[PDB]
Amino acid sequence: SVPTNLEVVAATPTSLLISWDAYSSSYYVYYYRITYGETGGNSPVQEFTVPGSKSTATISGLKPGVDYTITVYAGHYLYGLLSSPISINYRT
């Protein structure tokens, strides 16, 4: 259903190239939604979507030296946004 592994594969002081194991999501899945926000912060997370055929995404415009919570949700072609997202904490 949903991916199960999520990593940063490249980094700059203000940006992260992430990767998730999309191959583990069923063929029903037509996009992924990525959210990110300062861990422990007040502000609502920022979010964008990518095509279900992507296993990679760039998160950019981050503050340097800050811990971010990064979440990947699966999107189903009928129901839409699914539950049980995958998340990591990662510091720029």
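The numbering used is simple: start at 1 and walk along the sequence shown.
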Report the stretch with the higher mean CA temperature factor, choosing between 21 to 29 and 64 to 72 on the basis of the entry. 21 to 29
CA B-factor placement of residue 2, once the chain's modelled residues are sorted into thirds: highest
On the chain's distribution of Cα B-factors, residue 46 falls within the third called highest
Tell me, lowest, middle or highest third: where does the Cα B factor of residue 39 rank within its chain? highest
